[PDB]
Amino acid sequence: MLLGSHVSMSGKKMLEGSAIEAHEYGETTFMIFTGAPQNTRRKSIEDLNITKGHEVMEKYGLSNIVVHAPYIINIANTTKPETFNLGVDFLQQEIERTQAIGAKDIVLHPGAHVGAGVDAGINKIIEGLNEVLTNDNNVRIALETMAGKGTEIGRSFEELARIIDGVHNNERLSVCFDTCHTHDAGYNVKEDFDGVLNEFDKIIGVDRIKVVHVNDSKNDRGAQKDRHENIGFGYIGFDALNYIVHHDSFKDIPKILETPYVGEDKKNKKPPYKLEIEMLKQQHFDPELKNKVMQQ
């Protein structure tokens, strides 16, 4: 069972600290940004502390880790060449870092068309990915299913398919399937998940899902809000999320929790991952989970 969460990548320890945190929460995989999620400033590969990080992963049985590109990348921007070029340049270096880290996939929000229209944005994403994928490496770009807020591209499987077919470099592309996003976009992952996968197989191919993000949602299906909720406390519910986590189609695919911290005061927020993972592994919902997280 490859089950983990987002973990921090910071300080002097960097990847070593990430692996320590993942083991602390009982994880067998984890996801990291290579630095701050909201900027493109990045440390050297040497400073990422990869050798020691790998040592800790070997010690604790962690594998199949995932990288997420910063949220501010927008290679769909057709008006500002500098934003497009920064995104392309950054992802080229991110591929190099990820190849050194040993992750197979970088999760990328496809982009936002910011008024040019979805199809102009898709055309620009294709252009950008063709420049990013210079063939020096095996790391894939895993396009994330998006919830559909604002001018985000990727709310539907068809949009992702149009990007993939446009790039025409299929072994360098994959999909990250986020349960909150697909639910918020309108897919019936709560009550007809196998039907959603059948549609996905027709349009993209389920074999191309290489990362799964496991999130409940604060909103009902189709609301397009992208507000994550702890497992079982939102509108998707535990029965559906547990089914997805254990689904045979996602065997050997990392499942990554991105659920919110719990707590009354922002000063006293605590991570829910250790207890959510225990709940998923035991396949039984615990209504006291949020009160227990506040007690750790």
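Residues carry their position along the shown sequence, with the first being 1.
Margin query: Using only C-alpha atoms and the B-factors in the entry, which stretch averages higher, 79-87 or 222-230?
Written below: Mean B over CA atoms: larger for 79-87.
Notebook entry, point to check: Going by the B-factors listed in the PDB entry, is the mean over the C-alpha atoms higher for 99-107 or for 131-139?
Noted result: Per the PDB record, 131-139.
Check: Which one, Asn242, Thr29, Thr259, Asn268, has the peak C-alpha temperature factor per the PDB entry?
Finding: Comparing C-alpha B-factors across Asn242, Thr29, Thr259, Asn268, the maximum falls on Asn268.
Note to self: What third of the chain does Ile65 rank in for C-alpha temperature factor, lowest, middle or highest?
What the structure shows: Answer is middle: the recorded C-alpha B-factor places it there.
Next item on the list: Comparing against every modelled residue in the chain, figure out the third that the C-alpha B-factor of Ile72 lands in (lowest, middle or highest).
Entry: Highest third.
Notebook entry, point to check: In terms of the chain's CA B-factor thirds, is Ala116 lowest, middle or highest?
Noted result: According to the entry, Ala116 has a C-alpha B-factor in the chain's highest third.
Margin query: Can you tell me whether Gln92 has a C-alpha B-factor in the lowest, middle or highest third compared with the other modelled residues of the same chain?
Written below: Within its chain, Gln92 is a lowest-third residue by C-alpha B-factor, going by the deposited values.
Next item on the list: Give the position of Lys202 by CA B-factor within its chain, expressed as the lowest, middle or highest third.
Entry: Its C-alpha B-factor, which the entry lists for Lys202, ranks in the highest third among residues of this chain.
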